Structure formats: C-alpha cells, structure tokens
C-alpha cells in the first residue's frame, strides 16, 4: 500500500487484537516473531483476530486466499505467494481456532510479522 502503511496497519491490528483477546504481551511477541504456540487458546484467538481483521478469514472462519495474496504480494516474490496460498489453503484443520493459529504459523514460515518492521 506503502510498506510504511502495511507496517502501521499490522501494528494497529496487533494492538486491537491483543485488547480483544487479552493475550499476554510475551505470547503476542512470540506470534509476531513467528514462534506460534498453535495449541494455546489465547494465541488461537489472537491469530484468528488478526486474520479476520485483514479479511483473510471471513466471519464464518472461511479462508479467503485474496486476503493473504493482497498482503503477501507486497513482501515476497510472485511465485513464492503462489506457493504460500497452496500450502495455507490445504491445511487439514477441522477446528476453526486451531486452523487460525496453524494458518498464521504457515504464513510465518514465508514472512513473520516482525520481519515486516525491517522491512
């Protein structure tokens, strides 16, 4: 959008979602750095919140590839985004909250939220 703007939007969404979930600052820092404790209830809620706020996840927890493509296209090369979408779209997680932390874990192997601050 401007990388400076994506960085700001990411900070805003991390702030709003931390308040909405009550996730500890340490656990939120771990998610931001790409160290996702997938089984943690508050990590799941925080991941779900960030994804829904970027419309990557719709209100029914339906995965929207357009949402993740829009974001990722600004950080990584075209073919890597295609690879990301294939990997992330095919995650076998039947639980929606566990799907959300696993989704953020999948995206994070390509680009962590913290890495965007470098940028």
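Whichever C-alpha set is largest while still superposing within 1.5 Å between the two forms counts as the rigid core. Positions refer to the first chain, counted from 1.
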query	finding
RMS Cα shift after core superposition in 5 other deposited structures of this protein, winner of 45 to 53 and 83 to 91	83 to 91
More shifted region, core-based fit in 5 other deposited structures of this protein, 34 to 42 vs 58 to 66 by CA	58 to 66
Stretch with the greater mean C-alpha B-factor as recorded in the entry, comparing 58 to 66 against 34 to 42	58 to 66
Comparing 44 to 52 with 78 to 86, the one whose average Cα B-factor in the PDB entry is higher	78 to 86
Record-listed C-alpha B factor of residue 3: chain third	highest
CA B-factor ranking of residue 26, expressed as a third of its chain	middle
Residue 105 CA temperature factor, ranked by third within the chain	middle
Residue 11 by Cα B-factor - lowest, middle or highest third of the modelled chain	middle
Modelled-residue ranking by C-alpha temperature factor, third containing residue 99	middle
